[PDB]
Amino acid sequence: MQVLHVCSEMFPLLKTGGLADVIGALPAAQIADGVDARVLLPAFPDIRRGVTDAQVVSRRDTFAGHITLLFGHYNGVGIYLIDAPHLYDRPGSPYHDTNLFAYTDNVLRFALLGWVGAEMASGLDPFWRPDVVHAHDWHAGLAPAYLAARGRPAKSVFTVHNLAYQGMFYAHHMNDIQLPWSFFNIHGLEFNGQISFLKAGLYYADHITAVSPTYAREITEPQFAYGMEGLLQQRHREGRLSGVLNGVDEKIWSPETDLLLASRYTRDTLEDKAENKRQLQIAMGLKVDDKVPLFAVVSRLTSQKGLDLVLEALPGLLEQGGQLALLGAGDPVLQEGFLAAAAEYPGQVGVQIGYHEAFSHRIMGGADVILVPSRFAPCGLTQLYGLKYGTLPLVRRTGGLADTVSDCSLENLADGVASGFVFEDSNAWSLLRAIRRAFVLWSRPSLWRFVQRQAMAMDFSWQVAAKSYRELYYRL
């Protein structure tokens, strides 16, 4: 079984969010579980520079101009790169320019991604051809469309990491992407009178997965599907929709071995976490106090993630004696809002606007609670990281958050399954109740410790995930 992942990011080479973490860890897990998995990425600068053994496989002309297909390895996994400098040789985000504007040629940049994914199924690489093309999110959404147009020389799965990103392009671009014009149909990649790459992936794939069992349910609903629910309901009925929960990469996210930490620690030596908290408080200008709960945010600052709710609840949190350590970027209103709170409440509110990989680890290893009040959450990796680091996740019950966190209810505590705090509704009052629950648990140190150790006992294994994907690939 040979599988090609088609995607736009991969940790540690290029990352804007959780998708990169997944691509950086799944393929190796699949190889251990007996599937020959390879990865296809655009040759973005940071990616090309990481793959130092990359060699030329072939050269082609395409509707978007020439590509050189390269192939190398990273961390033992086979990596293909689409070198097409006129499309991909630009710094920063795969998706937008430095002024945050989508590239005007995005339609070509990502259509080509899909095209090369499909072409691989027809011998683009004379030495290796995938049995399954595994496309991720809209970026790779055309892979299954090109495959369908070519008579399906390989089977395909399309994995939804997030349905809110639809890859919408004007219909006239049908002229530019070398697909049958008959594909521009509601039974095809048309969506509200435009081309949707997401629609294309959902429609043409042999099978669709989502990154958690609950999200796979949710996206058959209008409030999570944003118009796509009819296709997904039909695919569910056809048995062509399923959920497979993400793992966590233990090479990167383990307090036991995390080299980015002032102090490493384990489920049975949580006293060794204290130094991380102390240094986190110092680094952020917080009062150095071990009697007070430190709440953490590592997140995009947006409504999708519920960070407006955090801002609204902040006074309530401060009033009860908690601290906040926040790292993130997003809505300028929220950025400014949080900077204002840090200025207004120095010593209890520490804020850092921007993206900092290493600092996220120091927050994860030092905070007591991580706030993940997502409005929707296909998976929510930061919360799985919280569990592993014994920093209790405080989450809204939606998507993967609902699959993985157990509220500190009486029965969960009694059954020894409690592992964090869960609230229900997307408002500050609802959030504030969970926050109060955390203060109540904090006032009982031995119960807190009990819950920390259960949080750290939870396991999210990529090789277990690989086994589900394998079963799926063989059913296709």
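The numbering used is simple: start at 1 and walk along the sequence shown.
- For the pair 394-402 and 282-290, the mean B factor over Cα atoms is greater in 282-290.
- Note on 134-142 vs 169-177: mean CA B-factor is higher in 169-177.
- The PDB entry assigns the greatest CA B-factor among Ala343, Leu112, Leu81, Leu381 to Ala343.
- For the set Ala313, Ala210, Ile252, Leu387, the maximum C-alpha B-factor listed in the entry falls on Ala313.
- Compared with the other modelled residues of the chain, the Cα B-factor recorded for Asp61 ranks in the lowest third.
- For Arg433, the recorded CA B-factor ranks within the middle third of the chain. Only modelled residues enter the ranking.
- Ranked within its chain, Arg449 lands in the middle third, by CA B factor from the PDB record.
- Ranked within its chain, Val349 lands in the highest third, by CA B factor from the PDB record.
- Among the modelled residues of its chain, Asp415 has a C-alpha B-factor that falls in the highest third according to the deposited record.
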